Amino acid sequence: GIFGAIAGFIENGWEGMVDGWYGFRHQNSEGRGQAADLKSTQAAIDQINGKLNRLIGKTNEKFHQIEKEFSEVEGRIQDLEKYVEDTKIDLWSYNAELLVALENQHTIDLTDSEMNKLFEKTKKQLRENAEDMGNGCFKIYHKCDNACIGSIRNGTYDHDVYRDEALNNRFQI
């Protein structure tokens, strides 16, 4: 993908995350766990639903048209009727092929983008208290229990509370 996270620096997906599309796994003093991120999940789903809304249940009414099958040979007029229809079908077939290719490229890129956005947001929130390990994980340089991990997930983590501890751990020998 064009943002480099999904099938990129995130080595693979999580088959065991069934309650969201994006989320967090942690290891700390109390164990290891998983939680879905609902905002990123919903952002991706809303975009996809917006596409679907444009394409599903939106058909156009046509009534009396031209004939498209013929029981007898006629020449010029029938040649024209047949060519008009073949022309139409080829143009719509092209439109359908391109539409799906563009839509699908865009769906892959937008879902890649949502993963990247969540990663970037978390990175900034952690300030000088963590380092990016390169695989979508952060090493957090302070004791960070379940409530602390929860605060990061909920956007209530105060980096200033832990900064002295973290800097001492990061910049030792």
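Position 1 is the first residue in the sequence shown; the rest follow in order.
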- Note on the structure: Ranked by mean Cα B-factor in the entry, 70-78 and 88-96, top stretch is 70-78
- Looking only at CA atoms, which has the higher mean B factor in the entry: 111-119 or 46-54? 46-54
- The largest CA temperature factor among 26, 127, 39, 106 is found at 39
- Item | Chain-wide C-alpha B factor ranking for residue 9, given as lowest, middle or highest third | highest
- Item | Lowest, middle or highest third - CA B-factor, residue 140 | lowest
